[PDB]
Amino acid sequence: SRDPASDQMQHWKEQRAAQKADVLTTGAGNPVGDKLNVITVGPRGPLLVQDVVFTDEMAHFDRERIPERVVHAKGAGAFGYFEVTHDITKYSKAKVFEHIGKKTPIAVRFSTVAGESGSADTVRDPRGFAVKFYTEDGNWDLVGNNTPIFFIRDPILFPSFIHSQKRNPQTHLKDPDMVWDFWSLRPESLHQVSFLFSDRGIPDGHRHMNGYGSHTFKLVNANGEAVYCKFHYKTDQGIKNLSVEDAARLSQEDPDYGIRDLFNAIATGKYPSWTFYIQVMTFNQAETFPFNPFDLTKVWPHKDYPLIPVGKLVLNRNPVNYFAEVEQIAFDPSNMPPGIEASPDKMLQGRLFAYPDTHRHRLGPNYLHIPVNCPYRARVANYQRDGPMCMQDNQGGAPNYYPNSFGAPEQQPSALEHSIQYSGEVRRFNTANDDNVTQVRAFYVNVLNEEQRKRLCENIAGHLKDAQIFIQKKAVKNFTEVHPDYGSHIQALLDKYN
């Protein structure tokens, strides 16, 4: 016996001691007499349409694949629970937080960003850390990253950013000119670029990295009072990264390093956990904040906004079938129960639309019917009907229009959203110049030490060297605005590669 992941089939076989193997059938349940030979007219004759056993199986094989996620395609998944450890009901009325000790089942999927389905785990790229909370008030999806910020602050630039991070439209090759032309033209990315090219750019698996909601969200309590917040989930396994060299070696030796690591950890009882926190900022404090509290390229300094403990995230169950439970799982940031709402973060606002929209495409109109996506701890009752692959009773004969006089589902007033008064013109406000350096300089000078700065620069230069000179200059010009020693160190490294 090797690692648990390797022994998957052996264990499956063993669990079935009373080896009476099931009868092999067609999709419609008809028993198959011989699924090892096709029907022909005579030993060396042609194949007949009459062989439905063949067609039935082949037609399905021909349809096994579904579109991969447009971003975050390569990932790993696990399941467990969320347990409340502290009382934050003064901030939020959400049932998931109602009592200390209350557990809510969770589903999680970790992932890289740019790489497709057959790409390596151990590569520099941010990491996805999505959490699905199956609450009594429906599903709550906290779709986070392993960073508290992001590259851009306006959603209309997201498709372009992702395009620049992927393959050239003609050559289908990664293109550093694309990567850096966009980044140098859009210096808002300076903060996240700095995080990305640091040591945490390549975590040692999924268990040794933090998780963040990134966006600023809104919490509403029972009295209707609201505050803005941030979600943080620190790894109880401690931060641990892979060196550029080891990451390179592993991407070849085991492209599925992250998947294997997580499966084996759980299989052997080493269940990973994260301590769940929140930062709180009142509406009054939001007015005085030195930056836009809804700018996704900014963090809320811990000094001024201390982490407030809330609970724990524990992963103790591996998927039984990867496609059904991981590949098909869908997280929608808009899935929020009463007590948790969205903030005016332009980026968050854009995601409110994007996720359900893309899910209806890659999964299907009724993707919420898929078991792993089904809000099984809440009764779904509404006036929505039909659609492709309607896998339930489609709500039977219940009246399908609202309002009605026949006893069908009623709206619950207490669930109404929190209302705020906004003022200003309805138009496109430019945010390209919303301070792209202040917090980046703080990160460079105060958070990192000498060794870490040297590596950051070496990592940046190592990739930037392949972009054209004019792109290198504009990129260095941006790093120099962050801190003159930051830009010059990179320029020096570039000079020698050139």
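For every residue, the number given is its place in the sequence shown, counted from 1.
Relative to its counterpart among 356-364 and 412-420, 412-420 has the higher mean temperature factor, C-alpha atoms as listed in the PDB entry. When the mean C-alpha temperature factors of 154-162 and 279-287 are read from the deposited coordinates, 279-287 comes out higher.
Remark: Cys457 belongs to the highest third of its chain, ranked by C-alpha B-factor as recorded. Remark: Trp180 belongs to the lowest third of its chain, ranked by C-alpha B-factor as recorded. In the deposited entry, the Cα temperature factor of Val326 places it in the lowest third of its chain's modelled residues. Among all modelled residues in its chain, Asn446 ranks in the highest third by Cα B-factor.
Residue-level temperature factors show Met209 in the middle third of its chain, judged at the C-alpha atom.
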